[PDB]
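Enquirer: Quick one: the structure is below, and I'll ask about it shortly.
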Amino acid sequence: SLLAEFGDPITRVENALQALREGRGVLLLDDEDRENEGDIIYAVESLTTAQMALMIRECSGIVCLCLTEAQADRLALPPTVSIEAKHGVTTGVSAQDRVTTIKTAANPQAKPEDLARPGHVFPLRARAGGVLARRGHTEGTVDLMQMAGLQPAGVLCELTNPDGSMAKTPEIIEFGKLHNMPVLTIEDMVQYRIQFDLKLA
Amino acid sequence: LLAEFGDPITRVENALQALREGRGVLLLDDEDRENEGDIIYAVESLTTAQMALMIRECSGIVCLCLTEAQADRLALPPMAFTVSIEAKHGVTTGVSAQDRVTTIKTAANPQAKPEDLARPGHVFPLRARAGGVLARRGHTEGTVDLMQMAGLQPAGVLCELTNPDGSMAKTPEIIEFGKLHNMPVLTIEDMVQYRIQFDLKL
């Protein structure tokens, strides 16, 4: 298979988790199909301006903040939503300001009044159960953070070739090599969680 | 260094002519050095390559600026939440430069119907106030006004220019970008003064 050289599914997940623990990004696909498009995922815990700058210049720019249901509830988000930190920003759209918004929104101590709407960051609620309930990249992002033992919030954005076409699996693989970002799939994550999160007795 | 693009009337005329030629322009509020600027393209001549440049160089949150009439034709919410749209047909995942252009052309089509568009999506439509920059000095109004003043389909796309390091391009960097890309730079104040002088009944 197209990703087989990079480890079996569980190894790909393990490698992705270790990259996140080290503060590095990963690349997420639905599965190994050649025509899949993919996302850069960063942990919010270790998110830097330079990472956000990379994400914006390499991706769609429509940067999504993936949150638990509990964290979105803490923000009084509705059950397109967009947000901006009330404080600590200027015009909201710079890489630094988006990181500020993201850190503010993902803070477990956050209150709704910490944010203004609308803004340049797009929050998304992960389903309870994660990829075992819904195979979305929103669930994938939050599950990865939880599986890595990190703050359960991550940012995602769609990798875009410079000519404006979306990066497909082959291009995502090459981007992963260039930027040393492990590539994994939602299918890999499901296989991992079925193996390690389920009761066996 | 804004005067390197001419006097304020020349700045408007050069911007209109660039748009007539299918080229982009850069828009600021006024001459203040701390202003942040946007790339503007006419929808009438919008290409995949121009949208690709926007996504590469700008915030990526590409806005489609429409007349009230066109936004009503699409049954967009009247002027808390963000409105976003996607072409119903002729796209795949919606987010590629080509797909966004398809969405934009679909939405700005003078014969459009509401069901031509799905919601949500990856293009962000904005209603320009009636009267344009003479009613509201927003970049949304600036965009639609420029198209109308240039005699074009009254729809344009807008996106905030970034610097390579993720910071936003302010006036000095906007000027340099304009030089490099042969894109006229102008301000909303230029446009207001121009329309006062030329767009009023005597």
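Simple scheme: letters A, B, ... for chains in structure tokens order, numbers from 1 for residues in each chain, numbers from 1 for ligands in the order shown.
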Would you list, as a ChimeraX atom specification, the residues of region 3-178 of chain A that end up in alpha helix (DSSP H) under DSSP run on this structure's backbone?
Expert: /A:9-21,49-58,69-74,95-106,137-148,169-178
Enquirer: Given a cut-off of 7 Å, which residues of chain B touch chain A, counting only C-alpha atoms, written out as a list in words?
Expert: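 Contact residues on the first chain: residues 49, 52, 55, 56, 57, 59, 60, 61, 80, 81, 82, 83, 84, 95, 96, 97, 120, 165, 166, 167 and 168 of chain B.
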Enquirer: Kindly indicate which residue among B:156, B:110, B:8, B:125 lies nearest to residue 40 (chain B), using only C-alpha atoms for the distances.
Expert: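 Checking each of B:156, B:110, B:8, B:125 against residue 40 (chain B), counting only C-alpha atoms, the winner is B:156.
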Enquirer: What lies within 9 Å of residue 183 (chain B) using only C-alpha atoms, ignoring chain neighbours under 4 positions off, as an mmCIF file with N, CA, C and O atoms, in the first residue's frame?
Expert:
```
data_model
loop_
_atom_site.group_PDB
_atom_site.id
_atom_site.type_symbol
_atom_site.label_atom_id
_atom_site.label_comp_id
_atom_site.auth_asym_id
_atom_site.auth_seq_id
_atom_site.Cartn_x
_atom_site.Cartn_y
_atom_site.Cartn_z
ATOM 1 N N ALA B 15 -5.984 51.973 -10.716
ATOM 2 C CA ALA B 15 -6.609 50.788 -10.150
ATOM 3 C C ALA B 15 -7.760 50.317 -11.039
ATOM 4 O O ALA B 15 -7.872 49.126 -11.321
ATOM 5 N N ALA B 18 -6.288 48.699 -14.192
ATOM 6 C CA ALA B 18 -5.774 47.367 -13.908
ATOM 7 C C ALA B 18 -6.906 46.347 -13.843
ATOM 8 O O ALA B 18 -6.808 45.272 -14.415
ATOM 9 N N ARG B 23 -6.304 42.483 -14.032
ATOM 10 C CA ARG B 23 -5.236 42.408 -13.052
ATOM 11 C C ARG B 23 -5.751 42.786 -11.671
ATOM 12 O O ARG B 23 -6.833 43.359 -11.547
ATOM 13 N N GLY B 24 -4.969 42.481 -10.646
ATOM 14 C CA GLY B 24 -5.356 42.806 -9.286
ATOM 15 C C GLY B 24 -4.861 44.145 -8.789
ATOM 16 O O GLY B 24 -3.991 44.782 -9.388
ATOM 17 N N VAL B 25 -5.437 44.574 -7.674
ATOM 18 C CA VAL B 25 -5.042 45.813 -7.023
ATOM 19 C C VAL B 25 -4.932 45.548 -5.526
ATOM 20 O O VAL B 25 -5.341 44.503 -5.043
ATOM 21 N N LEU B 26 -4.359 46.505 -4.804
ATOM 22 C CA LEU B 26 -4.177 46.412 -3.361
ATOM 23 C C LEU B 26 -4.872 47.594 -2.698
ATOM 24 O O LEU B 26 -4.697 48.739 -3.131
ATOM 25 N N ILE B 39 -5.430 42.210 -1.114
ATOM 26 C CA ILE B 39 -5.482 41.986 -2.542
ATOM 27 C C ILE B 39 -6.942 41.945 -2.996
ATOM 28 O O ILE B 39 -7.798 41.358 -2.336
ATOM 29 N N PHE B 177 4.909 45.043 -2.353
ATOM 30 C CA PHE B 177 4.201 43.967 -3.046
ATOM 31 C C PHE B 177 3.588 44.486 -4.355
ATOM 32 O O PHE B 177 3.679 43.838 -5.398
ATOM 33 N N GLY B 178 2.988 45.671 -4.302
ATOM 34 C CA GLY B 178 2.428 46.304 -5.481
ATOM 35 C C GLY B 178 3.452 46.525 -6.571
ATOM 36 O O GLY B 178 3.181 46.262 -7.742
ATOM 37 N N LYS B 179 4.642 46.981 -6.188
ATOM 38 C CA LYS B 179 5.720 47.136 -7.163
ATOM 39 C C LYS B 179 6.102 45.808 -7.811
ATOM 40 O O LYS B 179 6.214 45.709 -9.035
#
```
Enquirer: So how far away is CA of residue 161 (chain B) from CA of residue 153 (chain A), in Å?
Expert: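 So the two atoms, CA of residue 153 (chain A) and CA of residue 161 (chain B), lie 27.7 Å apart.
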Enquirer: Calculate how many Å separate CA of residue 169 (chain B) from CA of residue 35 (chain B), rounding to one decimal.
Expert: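 Computing it gives 8.4 Å between the two atoms.
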Enquirer: Need the shell around residue 112 (chain A): protein/DNA/RNA residues with any atom at most 10 Å away, counting only C-alpha atoms. Skip same-chain ones fewer than 2 positions apart. Format as a PyMOL selection string?
Expert: chain A and resi 72-77+105+110+114-116
